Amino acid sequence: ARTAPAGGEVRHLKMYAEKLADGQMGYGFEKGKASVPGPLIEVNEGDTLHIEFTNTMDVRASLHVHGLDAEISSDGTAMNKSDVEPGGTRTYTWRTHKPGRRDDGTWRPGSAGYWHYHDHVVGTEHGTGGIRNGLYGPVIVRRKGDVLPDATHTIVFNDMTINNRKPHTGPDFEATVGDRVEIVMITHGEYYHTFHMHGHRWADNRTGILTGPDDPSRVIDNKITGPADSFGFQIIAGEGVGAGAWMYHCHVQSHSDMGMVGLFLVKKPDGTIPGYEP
């Protein structure tokens, strides 16, 4: 549904950090259902979120968030003991706020935007081991009136991989011509990257959408990103270009050649993609 809503609710949520069978580490809302990337958390400006977090691993782990109003006790770092011991359980709290005028007359930003969460404790004091292994996930904070998508996809460039997948695999995403597709794009690790989508483009601002003819933001289909960068956008699938198997990839030449490639499969109403072999 378009736009909405007001926002300002208290939200409760359970979350777990698990070591997976393949040696990777992931977050999940349920035990045995962890994923890389971790599950999407979407809230509205003003919402308070209480996360009952449980470390089911044999090493210390934490939950650390970007952009959201988290107190030092919910920082998720080793230094101030806001990380979690093996088998332990801690309640992290993320608050959010609406924009508005301060007493001094200046404008307070508001927490709306495309954010992410990750471990800060596994491997090193900066979560190098955790992030490498897959302990990361997307967070979206919505402002009142923000356009809502048909579906949201998370693309994370972690080191030389997309979503910790083996080279030249996925992820591939499906859509029908006209679908409002939202992309959350996060980067992690050592390397700078350049995200690129074939046949689609977005505004380089907060939402990825231009508000009106007054917005001077650059319209792009290619964007440089570094570790811990997060941005997002919405596109109309196949808008002005029609159905097809539209590539997305890192445009760093050796990166794309070594398998940092996926497909945005845009289908006709009848379900066919020209000219693609399933």
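Each residue number is its position in the shown sequence, starting from 1.
For the pair 134 to 142 and 168 to 176, the record assigns the higher mean C-alpha temperature factor to 168 to 176. In this entry, 79 to 87 shows the higher mean Cα temperature factor of the pair 79 to 87 and 111 to 119.
Of the candidates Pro39, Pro227, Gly232, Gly212, the PDB record gives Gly212 the highest C-alpha temperature factor. For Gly129, the recorded CA temperature factor ranks within the middle third of the chain's modelled residues. The deposited CA B-factor of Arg218 belongs to the lowest third of values across its chain. Per-chain ranking of the deposited C-alpha B factor places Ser74 in the highest third. The entry lists a Cα temperature factor for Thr154 that places it in the lowest third of the chain's modelled residues. Among all modelled residues in this chain, the alpha-carbon of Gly199 has a temperature factor (C-alpha) in the middle third.
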